[PDB]
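Presented below is the structure to which this report refers.
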Protein chains: 4
Amino acid sequence: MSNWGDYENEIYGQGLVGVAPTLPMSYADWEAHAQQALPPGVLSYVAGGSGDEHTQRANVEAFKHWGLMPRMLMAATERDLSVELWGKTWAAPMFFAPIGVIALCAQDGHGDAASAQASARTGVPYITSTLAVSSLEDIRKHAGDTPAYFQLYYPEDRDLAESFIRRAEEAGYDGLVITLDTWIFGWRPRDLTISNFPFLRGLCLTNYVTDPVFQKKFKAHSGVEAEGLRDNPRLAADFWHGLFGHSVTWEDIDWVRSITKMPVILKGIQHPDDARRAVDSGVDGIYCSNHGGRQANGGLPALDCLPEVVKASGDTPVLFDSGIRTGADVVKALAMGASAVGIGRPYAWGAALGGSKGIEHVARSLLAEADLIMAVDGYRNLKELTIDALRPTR
Amino acid sequence: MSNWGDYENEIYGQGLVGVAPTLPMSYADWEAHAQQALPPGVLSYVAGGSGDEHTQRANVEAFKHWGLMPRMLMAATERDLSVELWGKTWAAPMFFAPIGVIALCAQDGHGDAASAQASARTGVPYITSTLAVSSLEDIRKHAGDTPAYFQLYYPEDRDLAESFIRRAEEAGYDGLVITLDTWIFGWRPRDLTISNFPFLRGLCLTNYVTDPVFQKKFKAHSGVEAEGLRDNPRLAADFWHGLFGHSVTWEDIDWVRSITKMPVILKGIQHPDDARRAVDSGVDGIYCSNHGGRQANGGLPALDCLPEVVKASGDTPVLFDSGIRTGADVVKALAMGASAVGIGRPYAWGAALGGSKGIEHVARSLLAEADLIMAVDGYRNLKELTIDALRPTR
Amino acid sequence: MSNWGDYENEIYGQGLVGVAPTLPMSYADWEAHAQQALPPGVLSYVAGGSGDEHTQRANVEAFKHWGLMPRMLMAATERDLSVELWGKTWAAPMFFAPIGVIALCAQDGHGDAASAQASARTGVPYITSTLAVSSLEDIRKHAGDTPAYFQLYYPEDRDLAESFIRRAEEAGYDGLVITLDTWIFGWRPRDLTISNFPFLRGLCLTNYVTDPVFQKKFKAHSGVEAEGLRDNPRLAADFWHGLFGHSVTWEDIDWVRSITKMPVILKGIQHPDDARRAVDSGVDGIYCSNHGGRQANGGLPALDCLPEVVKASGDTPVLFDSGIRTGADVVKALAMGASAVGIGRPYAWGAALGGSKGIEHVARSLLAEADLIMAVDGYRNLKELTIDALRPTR
Amino acid sequence: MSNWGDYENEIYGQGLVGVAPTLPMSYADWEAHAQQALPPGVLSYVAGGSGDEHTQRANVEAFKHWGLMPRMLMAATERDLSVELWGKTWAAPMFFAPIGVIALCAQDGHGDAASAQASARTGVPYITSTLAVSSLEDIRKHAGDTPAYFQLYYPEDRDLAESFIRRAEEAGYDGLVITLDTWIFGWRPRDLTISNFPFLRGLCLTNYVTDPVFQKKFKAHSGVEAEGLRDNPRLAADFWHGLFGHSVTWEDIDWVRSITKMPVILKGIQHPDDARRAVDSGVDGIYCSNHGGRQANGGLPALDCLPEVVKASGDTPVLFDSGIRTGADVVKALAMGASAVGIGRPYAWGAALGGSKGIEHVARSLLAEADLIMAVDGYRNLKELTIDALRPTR
Ligand SMILES: Cc1cc2nc3c(=O)[nH]c(=O)nc-3n(C[C@H](O)[C@H](O)[C@H](O)COP(=O)(O)O)c2cc1C
Ligand SMILES: Cc1cc2nc3c(=O)[nH]c(=O)nc-3n(C[C@H](O)[C@H](O)[C@H](O)COP(=O)(O)O)c2cc1C
Ligand SMILES: Cc1cc2nc3c(=O)[nH]c(=O)nc-3n(C[C@H](O)[C@H](O)[C@H](O)COP(=O)(O)O)c2cc1C
Ligand SMILES: Cc1cc2nc3c(=O)[nH]c(=O)nc-3n(C[C@H](O)[C@H](O)[C@H](O)COP(=O)(O)O)c2cc1C
């Protein structure tokens, strides 16, 4: 931290000695260049959302309709952007949201590792998807000293789900995010046009391929032993697909909580009574998301739901993602009451242009801007950033 | 059904064996490609609407301003999208809206037949226009086991109108839709620029040319017998035009109802007191439509009128069309209280690119998306999709 | 049919009674619309050529650098465009060039039969590829009275080769065209970018799966009998790929001449020594072609090669294709000494937009233009249109 | 590796099991994507040429004005594209041309090592620039069994020159290429507009900072010892600029031949007298090149100079670069008498998109196309592809 905004001193300082930037500085340039730098299947998969993508787009537009009220003569010369979440201190109110194909957003095929390493160097927590090229144990090592969270895609096999949760607790993950909006895949025209579904080609199934329950059950089903599977994951792509997506129930969440000491955080919550029942049932975190609009095109921007989710959540921490493109967006979601803000699409572009360093550049750019907005506009820390600081705007 | 969303499994499954899709997956691609695939007169006629087309466009824009609220932990793993309408069970809350030139949207000139056959294979009901290349008797056969409805353009000859209704009841049609907003043609710049009016060239007049009353009255008027007319329908285009468009009255609707046992459904209703008087007079169905904005450019999106039409309609079923482009749209209109949702322009593009199979692909794409939206967002059946599930959006 | 130019009076007669054309009237508008009416896989394969397609384009450009000299006061009010080829009288100095995926250029998937049907109606002869959806026996049937030719892709199996030739003879084809420039597929970036290759999916292999030799050999190689092959031709696709491409040798031509009475015509000849040597072999026809630039991007426009191929072939007829887009191109290549001119890409676009009638329209438009130019510019028949009527042009 | 053309069967085999390509398949799409995947400084420097870049463009255009004559019935079913150069057998008549910033064209900043690794896997020889990030000793190691060449930028310091040459010999390079057309940098508007010049920032100077002569001389001139130079090469950048560019003279060539056993190859020759005089000096190779139009915008396409440089050089091998974008260009320059052909800009785009594998893909695509053209058009080996197989074309 020192302050996050300091990052611009280094960019400007390097220019004075004839060293120009090598990466873009804004989302639009990140996206413009990344999309052309990626393979076409990956582009379709990462850029593409659900239906005509109105929701994915509305998520982003929502942020143009709040404004922060600037406060003069506050002298917010030292900012404190840290947040304490479930016992751990985060250096920044921001985290890498789960991205199951981030491995493939990077030219070397290890974008997930690259993401965890960027987390290690910045202190921006990495939330690893269940889908991945590096196993969740290797990820947690790459994440260093920085808090790391495990996002569970809950499978149709209780033994496997518990193996994932156990392995995550044993690997030293700091919390468990259960994604509630992706037990089945939404209608995605960009991927359907080219019949692009990479997991069914055996990509990003390392966490299944390495899991003892999956290995045992797939051998029972196919005759294939653990070595043959690891050498050709695609052999178990159809088996993966059959068990991948369990539709999670309230009773499931009570079960998960009783078998692990990790805090449980539910991702996909939009409705305040869903947030109410979760919190009243002892769930530890509420993660307001609509999955980037990638999974259902119902039209409701995530950000429209965050205020009532915050109120219903009470002192239970609320995470927010879906539509964050800049540091401005990050400040506005924090002001509405999110404790920490997830970053998706922007760091996938980071990966496409620069690997671990590109990801690190996105994270640091987003936080520099947020911190400089708080300084100029007179908010010295996140406790002072309250929802009454924002104003609706045409 | 099984579930309609299953359709995407087949697309993805075929790609895994090197079989790419051959048709588009989204409305914008349907429209972009269809419009270039059609003859220029047909394009002008099918794409074109009334005046500067603000209404046609506003119909579609309206849907961007409602959002479905996602419900988590509902486990809507088995969806029931069936609807019972006037005694018959529909497998889907969706139907092919009447399109008088759909015959000509297909390269082989039999787009109407093609539409009825797609209905037969999907269970999406076909509503055949009075205007058509296949006679209403052949259509009903092509429709198989699937409910089929007859849309009457009520002529200025009571004998003819009753012949159409009798023939439709005898052919086994399951209801009668009287279109109230097209007794006279609205100002249509795209067609006027090129003086394109295909019916006056004797196209799509099969139901008149085959009708005994029309044959008798046209011979009385012209001397032409039934064979000469059937070999040159254009001989009776001017006669058709003189009788085509009777302005329907309340008393007419009471007359129609008393001469047939088919349920009567009125299409074009926008105003709730019009819906009130209809329903209080015993009409069986209310079909909220503004005819795609093709006929009057007054500016009122159909969807803006559907909520008050639903309330005034009570337990009388309400059909909705005008502006549906995607499965998202379909869910939102159902949530507002329509019992079934009509599809227009999208399946005309289906016909232009793939005939009966293209039409079937549009229908199945629309329903897959709607069903997957209901699953992800936690609505298990249409009874659970209530208007309070929607939220207005900027 | 008094002269081909009369076709225009039909198009103008119909507009006078308000019947507008439904198909485009120039190659540019056929290509534009047709390319949007096609599935992306068919588009890529039909439009795409070899390499960066310079040769494909340069083939077309070459026609811009010859001009026909108009001759006034010749009164060419009656034109004879007939040509006598191998003892049959062609109504038109034009033919449909072999296109192996033409079946798939038409929405109903039988564009090959539609091409034969258009040839039966126009008098424009059809040359069926070895690759097709309809058997070569049924193509000949569909071609009516119009002379029809069979284009052989000589396979790596003399038995199969001989059964193809004996079948074509027995089906009553009037010539055997042997394609010499596709025993191996060239670098085609459009298809490679999406790994598009329809034959390996068992598409268009009917002439192999109907063949008793192919059946026998494929059964020995796989255990699958003829009915199962008829119902899943893809079972045979890798076996087809193994024997498809035989690099034809001089001695093979000798061997083919001796087992058929059909005239043998060699397609792909570009160099005069190759032609002179063919003609001294006793080859019956020379088919000057570079396959539309689709197999090899060597850069030599096929038209640059025609004059010297005509001269080296003496009395033997020379057919020409590669770059013909209009009836002006037709006239020019005839003028250089082509006895008959082949159309490829234009009639594929015809199929994509009108099926049989779209194909017929392209053919009658090309011949209407060619005839009208001869009429206006003073060439009453093909004997008067010689290379001395052309001038090189900037 | 039976023939280079087989590469295409891999790309098509993978699509059949739903594995789509991830890299582009033509130069146009490499350039388009790659230019967007690069930092703007690398883009400017790699894409930019001298002046208004007419020469850079005209080098490429010249290949559009030669066409290869196809020869039918030659049965070139086995092709020999091998070439013997200075007592080593090249698997391919193609090599990676020297590119001093290739390291920076790859996201990991070691594109020079990745190029050598692609050469070790392909058999396509690598020519390392004097400018590089990896030492010339490590480049040779990375190149495995594949012949490797060292490109000398003769410095203004005979000691340093001689240590470079002795190092390359000792590292086991198989030739010394001396670049003659860059002892001073030309007017490059793209770099000048943003004052872009990576060497003066101490980038790509490893071969100088690893060099004992450079160290000694630079230490006398500044007091900085070798370790500090290793860690801040920019300390030496102005000193590098002072001795970089020596205008090589005839006597210098003489002096170089005498202190190495390596074959000496002169790069930049365009005029026949310069070549004839080189060959009579006893120079071992002629490298016809205008540096891709990057140093001087004089306007003469390098390809216009090759035929007469081949003739003036008699038995001495001639290498060719400048304008090669596809395998068609490769074939044409070989046909004019180039014994081997160099690739520049295409493999830089390869690095920017795939690193080593992107480079390998460009090289195998170029050679697949070249081979397939020879196969289709009847040239079984390089001895048969002569200038008499080409025709000038409009
Ligand atoms: C390519 C991609 C893949 C995704 N992968 C997953 C995943 O594996 N797990 C998950 O819970 N969410 C998934 N996310 C959703 C993110 O976690 C986050 O909800 C979303 O990206 C926020 O939307 P935005 O990128 O539009 O801001 C994915 C998002 C993207 C862009
Ligand atoms: C080309 C075309 C022709 C039409 N034909 C008729 C018809 O014969 N009968 C009728 O009641 N409505 C007619 N419809 C209206 C549809 O039944 C429906 O009201 C309308 O298309 C819905 O608007 P949308 O296509 O913009 O969604 C027509 C619509 C189109 C697009
Ligand atoms: C889609 C397509 C497929 C082809 N398939 C065949 C074939 O099966 N047999 C053959 O000898 N040539 C084939 N060719 C070459 C054509 O017969 C003809 O030589 C070529 O199309 C002429 O060039 P143009 O289409 O650029 O005018 C094909 C051409 C096209 C456009
Ligand atoms: C970015 C770049 C840097 C260059 N650097 C070198 C170099 O270090 N040494 C050299 O002899 N030539 C160099 N050249 C010239 C190339 O070796 C080759 O002659 C040239 O790229 C061929 O032209 P083309 O790239 O337009 O085909 C370079 C070329 C490029 C594109």
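All residue names refer to the structure tokens as shown: chains lettered A, B, ... in order, residues numbered from 1 in each chain, ligands numbered from 1 in order.
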### Message
Using only C-alpha atoms, which protein or nucleic acid residues come within 7 Å of residue 375 of chain D? Drop anything in the same chain fewer than 4 positions from it, and give the result as a PyMOL selection string.
### Response
chain D and resi 76-77+371+379-380
Write the residues you've just listed into a file as a tab-separated table (two decimals), in the first residue's frame, and include N, CA, C and O atoms for each of them.
```tsv
chain	number	residue	atom	x	y	z
D	76	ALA	N	4.96	-35.45	-58.56
D	76	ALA	CA	5.88	-34.98	-57.53
D	76	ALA	C	5.35	-35.41	-56.15
D	76	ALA	O	5.08	-34.59	-55.28
D	77	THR	N	5.14	-36.73	-55.98
D	77	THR	CA	4.51	-37.22	-54.74
D	77	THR	C	5.49	-37.31	-53.58
D	77	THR	O	5.07	-37.56	-52.44
D	371	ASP	N	5.80	-26.35	-50.05
D	371	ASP	CA	5.87	-27.74	-50.49
D	371	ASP	C	4.63	-28.14	-51.28
D	371	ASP	O	4.71	-28.89	-52.28
D	379	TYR	N	6.78	-29.73	-59.29
D	379	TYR	CA	8.21	-29.50	-59.07
D	379	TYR	C	8.62	-30.38	-57.90
D	379	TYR	O	8.33	-30.08	-56.73
D	380	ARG	N	9.31	-31.45	-58.21
D	380	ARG	CA	9.65	-32.45	-57.22
D	380	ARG	C	10.80	-32.04	-56.31
D	380	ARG	O	10.91	-32.58	-55.20
```
### Task
Please provide as a PyMOL selection string all residues within 7 Å of segment 258-272 of chain C, with the sequence filter that same-chain residues fewer than 6 positions apart are discarded (counting only C-alpha atoms).
(chain C and resi 86+166+169+174-181+283-291+305+308-309+312) or (chain D and resi 69-72)
Would you mind exporting the chosen residues as a tab-separated table (two decimals), in the first residue's frame, restricted to N, CA, C and O atoms?
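Saved file selection-v8.tsv follows:
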```
chain	number	residue	atom	x	y	z
C	86	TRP	N	-17.22	-33.40	-79.24
C	86	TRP	CA	-17.15	-34.86	-79.20
C	86	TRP	C	-18.46	-35.46	-79.70
C	86	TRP	O	-19.11	-36.27	-79.03
C	166	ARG	N	-16.38	-47.04	-65.55
C	166	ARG	CA	-17.40	-47.91	-66.13
C	166	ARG	C	-18.82	-47.48	-65.71
C	166	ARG	O	-19.77	-47.55	-66.51
C	169	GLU	N	-19.70	-44.25	-67.79
C	169	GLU	CA	-20.07	-44.67	-69.14
C	169	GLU	C	-21.47	-45.29	-69.11
C	169	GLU	O	-22.37	-44.84	-69.84
C	174	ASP	N	-21.25	-38.27	-71.20
C	174	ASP	CA	-20.77	-38.06	-72.58
C	174	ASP	C	-19.28	-37.74	-72.60
C	174	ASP	O	-18.74	-37.55	-73.66
C	175	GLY	N	-18.64	-37.66	-71.43
C	175	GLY	CA	-17.23	-37.46	-71.35
C	175	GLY	C	-16.70	-37.74	-69.97
C	175	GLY	O	-17.42	-37.62	-68.96
C	176	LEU	N	-15.42	-38.09	-69.92
C	176	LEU	CA	-14.66	-38.29	-68.69
C	176	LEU	C	-13.62	-37.19	-68.54
C	176	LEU	O	-12.59	-37.19	-69.21
C	177	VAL	N	-13.87	-36.28	-67.62
C	177	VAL	CA	-12.93	-35.22	-67.29
C	177	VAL	C	-12.05	-35.70	-66.13
C	177	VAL	O	-12.56	-36.05	-65.08
C	178	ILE	N	-10.74	-35.69	-66.32
C	178	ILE	CA	-9.79	-36.11	-65.30
C	178	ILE	C	-9.08	-34.87	-64.74
C	178	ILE	O	-8.28	-34.21	-65.42
C	179	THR	N	-9.33	-34.59	-63.47
C	179	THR	CA	-8.71	-33.45	-62.80
C	179	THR	C	-7.30	-33.80	-62.35
C	179	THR	O	-7.05	-34.78	-61.63
C	180	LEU	N	-6.36	-33.00	-62.77
C	180	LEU	CA	-4.95	-33.33	-62.57
C	180	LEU	C	-4.30	-32.49	-61.49
C	180	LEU	O	-3.17	-32.77	-61.11
C	181	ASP	N	-5.00	-31.53	-60.93
C	181	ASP	CA	-4.32	-30.62	-60.02
C	181	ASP	C	-4.86	-30.69	-58.59
C	181	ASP	O	-4.76	-29.71	-57.86
C	283	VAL	N	-5.51	-37.89	-76.38
C	283	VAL	CA	-6.48	-37.28	-75.48
C	283	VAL	C	-7.48	-36.47	-76.30
C	283	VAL	O	-7.13	-35.79	-77.26
C	284	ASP	N	-8.74	-36.56	-75.91
C	284	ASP	CA	-9.83	-35.98	-76.68
C	284	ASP	C	-10.11	-34.53	-76.36
C	284	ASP	O	-10.60	-33.81	-77.25
C	285	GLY	N	-9.80	-34.07	-75.15
C	285	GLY	CA	-10.04	-32.68	-74.81
C	285	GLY	C	-9.04	-32.12	-73.83
C	285	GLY	O	-8.49	-32.84	-72.98
C	286	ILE	N	-8.79	-30.81	-73.95
C	286	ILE	CA	-7.88	-30.10	-73.06
C	286	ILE	C	-8.69	-29.11	-72.26
C	286	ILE	O	-9.40	-28.26	-72.84
C	287	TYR	N	-8.54	-29.14	-70.96
C	287	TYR	CA	-9.40	-28.38	-70.07
C	287	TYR	C	-8.41	-27.50	-69.33
C	287	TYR	O	-7.83	-27.92	-68.33
C	288	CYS	N	-8.21	-26.29	-69.88
C	288	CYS	CA	-7.29	-25.32	-69.33
C	288	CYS	C	-7.91	-24.70	-68.10
C	288	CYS	O	-9.01	-24.14	-68.17
C	289	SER	N	-7.19	-24.78	-66.99
C	289	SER	CA	-7.75	-24.49	-65.68
C	289	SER	C	-6.63	-24.44	-64.66
C	289	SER	O	-5.69	-25.23	-64.73
C	290	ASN	N	-6.80	-23.57	-63.65
C	290	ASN	CA	-5.94	-23.68	-62.47
C	290	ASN	C	-6.80	-23.84	-61.22
C	290	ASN	O	-6.38	-23.47	-60.13
C	291	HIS	N	-8.00	-24.43	-61.40
C	291	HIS	CA	-8.89	-24.78	-60.31
C	291	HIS	C	-9.29	-23.54	-59.51
C	291	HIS	O	-9.47	-23.61	-58.30
C	305	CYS	N	-2.57	-18.35	-69.76
C	305	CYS	CA	-2.16	-19.61	-70.35
C	305	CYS	C	-3.03	-20.09	-71.51
C	305	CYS	O	-2.55	-20.91	-72.30
C	308	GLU	N	-1.84	-19.84	-75.58
C	308	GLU	CA	-0.82	-20.81	-75.97
C	308	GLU	C	-1.29	-22.25	-75.76
C	308	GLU	O	-0.80	-23.16	-76.43
C	309	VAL	N	-2.26	-22.49	-74.89
C	309	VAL	CA	-2.77	-23.85	-74.81
C	309	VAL	C	-3.67	-24.15	-76.01
C	309	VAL	O	-3.65	-25.26	-76.55
C	312	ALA	N	-1.24	-24.97	-78.94
C	312	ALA	CA	-0.55	-26.25	-78.83
C	312	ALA	C	-1.49	-27.43	-79.03
C	312	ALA	O	-1.02	-28.54	-79.30
D	69	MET	N	4.54	-21.58	-63.30
D	69	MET	CA	3.83	-22.38	-64.31
D	69	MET	C	3.54	-23.77	-63.75
D	69	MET	O	4.47	-24.48	-63.40
D	70	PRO	N	2.27	-24.17	-63.61
D	70	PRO	CA	1.97	-25.53	-63.14
D	70	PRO	C	2.24	-26.58	-64.22
D	70	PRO	O	1.86	-26.41	-65.39
D	71	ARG	N	2.81	-27.70	-63.81
D	71	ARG	CA	3.10	-28.79	-64.74
D	71	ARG	C	2.33	-30.02	-64.29
D	71	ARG	O	2.48	-30.46	-63.15
D	72	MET	N	1.48	-30.53	-65.16
D	72	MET	CA	0.61	-31.63	-64.80
D	72	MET	C	1.31	-32.91	-65.16
D	72	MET	O	2.27	-32.90	-65.93
```
Could you list the protein, DNA and RNA residues that have any atom within 9 Å of ligand 3, counting only C-alpha atoms and all ligand atoms, and write them as a CSV table (one decimal) with C-alpha atoms, in the first residue's frame?
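This went into result_21.csv:
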```csv
chain,number,residue,atom,x,y,z
C,42,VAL,CA,-19.7,-23.6,-46.7
C,43,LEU,CA,-18.8,-20.0,-47.1
C,45,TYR,CA,-14.8,-23.5,-48.3
C,46,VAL,CA,-16.5,-22.1,-51.4
C,47,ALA,CA,-15.1,-18.6,-51.3
C,48,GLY,CA,-11.7,-19.4,-49.9
C,49,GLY,CA,-8.8,-20.1,-52.2
C,56,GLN,CA,-7.8,-16.7,-57.3
C,57,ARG,CA,-8.0,-13.0,-57.7
C,59,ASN,CA,-7.5,-15.2,-62.5
C,60,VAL,CA,-10.4,-12.7,-62.4
C,96,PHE,CA,-21.2,-25.9,-65.1
C,97,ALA,CA,-17.7,-26.6,-63.8
C,98,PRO,CA,-17.3,-29.5,-61.3
C,99,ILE,CA,-18.0,-28.4,-57.7
C,100,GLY,CA,-17.8,-31.2,-55.1
C,101,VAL,CA,-19.7,-29.4,-52.4
C,102,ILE,CA,-22.3,-27.8,-54.6
C,105,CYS,CA,-24.4,-24.6,-51.3
C,127,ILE,CA,-20.0,-31.7,-65.0
C,128,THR,CA,-20.5,-33.7,-61.9
C,129,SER,CA,-17.6,-34.0,-59.4
C,130,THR,CA,-16.6,-37.4,-58.1
C,131,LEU,CA,-17.5,-35.7,-54.7
C,132,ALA,CA,-21.3,-35.4,-54.5
C,151,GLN,CA,-15.2,-35.4,-63.5
C,152,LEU,CA,-12.9,-38.1,-62.0
C,153,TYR,CA,-10.8,-37.7,-59.0
C,177,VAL,CA,-12.9,-35.2,-67.3
C,178,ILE,CA,-9.8,-36.1,-65.3
C,179,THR,CA,-8.7,-33.5,-62.8
C,180,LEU,CA,-4.9,-33.3,-62.6
C,181,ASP,CA,-4.3,-30.6,-60.0
C,182,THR,CA,-5.9,-32.1,-56.8
C,267,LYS,CA,-8.4,-30.7,-66.5
C,268,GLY,CA,-5.7,-28.5,-65.0
C,288,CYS,CA,-7.3,-25.3,-69.3
C,289,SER,CA,-7.7,-24.5,-65.7
C,290,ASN,CA,-5.9,-23.7,-62.5
C,291,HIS,CA,-8.9,-24.8,-60.3
C,292,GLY,CA,-9.8,-21.1,-59.5
C,293,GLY,CA,-6.7,-20.6,-57.6
C,294,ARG,CA,-8.0,-23.0,-54.9
C,295,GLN,CA,-5.2,-25.6,-54.9
C,320,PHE,CA,-11.5,-23.1,-70.1
C,321,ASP,CA,-12.3,-22.1,-66.5
C,322,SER,CA,-10.9,-20.1,-63.6
C,323,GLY,CA,-12.0,-16.4,-63.3
C,324,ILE,CA,-15.2,-16.3,-65.3
C,325,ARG,CA,-17.6,-13.9,-63.5
C,342,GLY,CA,-16.8,-23.3,-67.4
C,343,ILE,CA,-18.5,-21.5,-64.6
C,344,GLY,CA,-17.7,-22.2,-61.0
C,345,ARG,CA,-18.1,-19.7,-58.1
C,346,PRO,CA,-21.0,-17.9,-59.8
C,347,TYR,CA,-23.4,-20.9,-59.9
C,348,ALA,CA,-22.5,-21.8,-56.3
```
### Query
Out of segment 159-244 of chain B, which residues get strand (DSSP E or B) from DSSP, as a PyMOL selection string?
chain B and resi 176-179+205
Can you pull out the residues contacting residue 214 of chain C? Cut-off 12 Å, using only C-alpha atoms, and skip same-chain residues under 3 positions away; I want them as a short mmCIF file (atom, residue, chain, number, x, y, z; two decimals) with C-alpha atoms, in the first residue's frame.
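Output (result.cif):
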```cif
data_model
loop_
_atom_site.label_atom_id
_atom_site.label_comp_id
_atom_site.auth_asym_id
_atom_site.auth_seq_id
_atom_site.Cartn_x
_atom_site.Cartn_y
_atom_site.Cartn_z
CA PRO C 155 -8.20 -42.68 -56.64
CA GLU C 156 -5.25 -44.63 -55.28
CA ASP C 157 -6.96 -47.86 -56.39
CA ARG C 158 -7.20 -48.84 -60.04
CA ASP C 159 -10.18 -51.12 -59.34
CA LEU C 160 -12.11 -48.22 -57.82
CA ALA C 161 -10.97 -45.91 -60.61
CA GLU C 162 -12.15 -48.38 -63.23
CA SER C 163 -15.53 -48.92 -61.54
CA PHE C 164 -16.06 -45.14 -61.43
CA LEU C 205 -18.96 -39.29 -50.45
CA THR C 206 -22.07 -40.95 -52.03
CA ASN C 207 -20.19 -42.01 -55.17
CA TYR C 208 -17.78 -43.97 -52.94
CA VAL C 209 -20.38 -45.46 -50.60
CA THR C 210 -22.55 -46.51 -53.54
CA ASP C 211 -19.62 -48.17 -55.16
CA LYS C 217 -12.40 -52.82 -49.79
CA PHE C 218 -13.85 -50.79 -46.98
CA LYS C 219 -15.59 -53.87 -45.52
CA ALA C 220 -12.29 -55.83 -45.51
CA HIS C 221 -10.73 -52.86 -43.71
CA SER C 222 -13.31 -52.35 -40.99
CA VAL C 224 -18.83 -52.57 -41.75
CA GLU C 225 -21.27 -53.71 -44.44
CA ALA C 226 -22.80 -51.54 -47.15
CA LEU C 229 -21.91 -47.40 -44.59
CA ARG C 230 -24.91 -46.00 -46.50
CA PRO C 233 -20.71 -42.54 -44.57
CA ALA C 236 -15.58 -44.49 -44.28
CA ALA C 237 -14.16 -40.95 -44.25
CA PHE C 239 -10.58 -44.74 -45.51
CA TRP C 240 -11.73 -42.32 -48.26
CA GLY C 242 -6.41 -42.75 -47.63
CA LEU C 243 -7.21 -43.52 -51.29
CA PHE C 244 -8.66 -40.21 -52.58
#
```
### Query
What are the residues of chain A that have an atom within 10 Å of an atom of chain C, counting only C-alpha atoms, as a VMD selection string?
chain A and resid 40 193 to 194
### Task
Identify, with DSSP run on backbone atoms, the residues in segment 156-249 of chain B assigned to helix (DSSP H, G or I), and express the list as a ChimeraX atom specification.
/B:158-170,189-193,198-201,206-209,212-222,226-231,233-243
